[PDB]
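By convention in this document, chain letters (A, B, ...) are assigned in the order of the sequence lines, proteins followed by strands, and residues within each chain are numbered from 1. Both counts, for ligands and for their atoms, begin at 1 and track the order of listing.
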There are 2 protein chains.
Amino acid sequence: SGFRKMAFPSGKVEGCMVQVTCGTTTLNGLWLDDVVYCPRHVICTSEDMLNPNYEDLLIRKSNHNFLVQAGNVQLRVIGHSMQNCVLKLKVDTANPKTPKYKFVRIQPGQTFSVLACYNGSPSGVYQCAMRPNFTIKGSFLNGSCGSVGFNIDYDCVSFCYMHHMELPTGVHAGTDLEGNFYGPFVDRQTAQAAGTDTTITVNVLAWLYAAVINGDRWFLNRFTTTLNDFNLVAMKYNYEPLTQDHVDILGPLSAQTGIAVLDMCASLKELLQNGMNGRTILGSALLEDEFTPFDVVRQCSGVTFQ
Amino acid sequence: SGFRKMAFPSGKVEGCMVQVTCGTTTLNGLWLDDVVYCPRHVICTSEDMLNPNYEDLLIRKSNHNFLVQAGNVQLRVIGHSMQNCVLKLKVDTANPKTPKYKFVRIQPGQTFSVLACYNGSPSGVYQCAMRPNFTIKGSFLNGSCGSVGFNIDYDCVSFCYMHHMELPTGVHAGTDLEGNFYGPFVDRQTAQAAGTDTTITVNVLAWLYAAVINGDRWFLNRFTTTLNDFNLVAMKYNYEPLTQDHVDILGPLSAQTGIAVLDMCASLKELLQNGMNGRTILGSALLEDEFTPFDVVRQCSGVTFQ
Ligand SMILES: CC(C)[C@H](C(=O)Nc1ccc(C(=O)NO)cc1)c1ccccc1
Ligand SMILES: CC(C)[C@H](C(=O)Nc1ccc(C(=O)NO)cc1)c1ccccc1
């Protein structure tokens with residue numbers, strides 16, 4: 001028993017992190033097979049970042065200007081190209097530690113693990129969610145760009161995020177590994193503000209099931225509701241509308257606990273309208289929304305990765 | 001910016017995890033040099049666990065009864081011995097992935113990362129604190145015994161915890177790597193209840209400094225206090241007494257922010273007496289106490305491990 005915010009084991013990704021330097025700028029890169037992926041703003045100065053013309057800035061760069069270091073050992077760059085907002089640096093050595101991997105573009109509401117790195121070196125690992133406004137709430141300092149987010153299924157690493165930017169409001173924006181930003185954000189130091197940070201309703205419900213499985217049940221009540229009735233309350237509290245697709249996804253947790261999804265929705269409705277009254281659920285005084293239904297099933301059943 | 005509950009990169013420990021089977025019981029072991037460490041209750045049946053005589057149960061075990069598997073490859077056991085509540089299984093092959101390591105017995109209030117494993121395979125990583133009542137609040141299912149907790153400094157892994165037991169109340173108990181339990185707990189299925197779960201005051205203060213560094217400052221007020229005055233309030237709220245040693249440890253964070261430790265204590269006092277009034281601090285509605293002062297400095301400065 002016990003339910004914790006849990007990241008994937010990070011060893012498979014640790015062996016892919018390198019340092020990339022272009023001029024005065026150092027950040028992180030991801031070394032898979034004979035390609036190193038990194039944010040294209042490695043080629044910028046701090047001045048450049050206000051209005052960068054990346055195509056023009058890259059004309060002045062040659063292979064030998066990209067210094068790529070894996071631990072203490074230097075990699076030889078034999079080609080470079082820009083794909084959307086990432087650079088692909090072709091090196092003459094395939095990463096011998098390359099795991100089985102895929103590139104995936106995740107949907108808002110899905111979760112992933114971040115390996116925070118500096119100077120190509122891992123600093124820590126934590127769990128994140130792609131928010132409905134396409135930001136993530138991470139922990140990133142200067143030098144952390146190029147840190148990646150990922151999920152693992154058995155022995156295959158699905159890379160879904162690369163870190164690029166911090167907004168003035170303290171939240172974070174980045175791309176998939178094809179270099180396309182999540183949401184409307186751009187790699188320019190400008191006025192770009194995040195939209196409404198809505199709560200991921202299906203994840204809150206999954207976490208309430210996790211609470212019941214682990215013995216926290218004070219919030220269960222005698223009520224039920226309907227999708228349309230619940231969603232009137234969801235809207236008031238900036239919760240994402242619950243759909244029949246979401247109900248179906250919660251089916252397995254419903255079956256295990258014997259609590260119908262709409263009954264749990266009625267529990268959530270009362271929690272939103274009345275608050276916690278100073279009580280806690282799984283050690284939290286907030287309704288947690290960065291556990292997916294699949295996260296809960298996985299942790300409550302103890303699946304592993306080889 | 002951003003402040004997250006962050007675990008150490010787990011790759012160095014992943015390469016040390018093995019599966020240990022004795023009869024019908026399978027759990028995890030830690031393979032360092034030519035020794036595998038695991039909980040001694042691997043030799044017990046579920047019946048045995050009510051009143052086990054470990055010395056007598058071990059007489060019936062020989063080296064070849066301990067099946068030790070590293071991934072898909074079997075290790076040969078050439079000796080075994082009991083040290084306190086752990087077994088040390090001598091194998092004929094030194095773990096080629098052995099990192100630089102130490103065994104450490106941590107103090108209540110210190111934090112560490114847990115690599116949750118099943119059948120010798122990593123499942124996830126999360127951050128824990130040794131509570132003042134010598135429990136930890138983990139995420140452990142059947143099969144997770146032998147999972148370990150650790151800190152990393154540069155390239156040296158300090159192992160501090162091995163998981164052994166779940167109490168009927170849902171919290172967790174275990175040993176250091178010399179096999180001595182933290183607190184009064186024993187590896188017997190009996191009535192053993194945890195004492196008062198007091199809050200780690202110095203860690204709460206460190207987290208409040210982290211909040212200020214990251215822009216959350218609504219809780220700062222015009223007041224100050226004294227150690228003795230604060231501790232009268234700490235006692236009422238089951239907070240550990242603050243000492244001059246704690247004040248000194250917070251010195252660096254005090255210097256960086258310009259907020260005197262006793263001024264932050266006055267902010268904490270008001271938060272305890274008045275609550276959060278529906279507001280949040282670093283995404284939490286509770287006063288978080290599983291960040292140490294060293295954790296905060298580390299995350300706010302981005303130190304790494306090679
Ligand atoms: C989302 C937030 C608005 C919600 C909440 O706080 N509701 C609340 C409603 C009414 C009162 C009151 O005092 N009425 O008189 C007090 C609190 C909530 C629920 C669960 C966990 C965190 C937050
Ligand atoms: C530890 C807990 C007891 C504390 C707290 O809730 N205090 C509180 C005090 C008075 C009232 C009230 O309504 N007075 O009229 C309401 C709440 C607290 C503080 C910060 C974060 C979590 C919890």
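- Figure legend: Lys5(A) and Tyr126(B) shown without cation-pi pairing, the cationic atom not lying both under 6.0 angstrom from the six-membered ring centre and within 45 degrees of its axis.
- Using modelled atom types, no side-chain atom of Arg217(A) and backbone atom of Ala211(A) make a donor-acceptor pair closer than 3.5 Å.
- Ring geometry for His172(A) versus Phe140(A): interplanar angle over 60°, hence perpendicular rather than tilted (30 to 60°).
- Relative ring orientation between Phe8(A) and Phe150(A) is described as tilted, the plane-to-plane angle lying within the 30° to 60° band.
- Near ligand 1, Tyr237(A), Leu271(A), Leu272(A), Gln273(A), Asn274(A), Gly275(A), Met276(A), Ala285(A), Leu287(A) each place a heavy atom less than 4.0 angstrom from the ligand.
- Of all heavy-atom pairs between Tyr118(A) and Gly302(B), the closest is CD1-O, 3.7 Å.
- For the pair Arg298(A) and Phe291(A), the cation does not sit on the ring face, since its NZ or CZ is not both under 6.0 Å from the ring centre and inside 45° of the axis.
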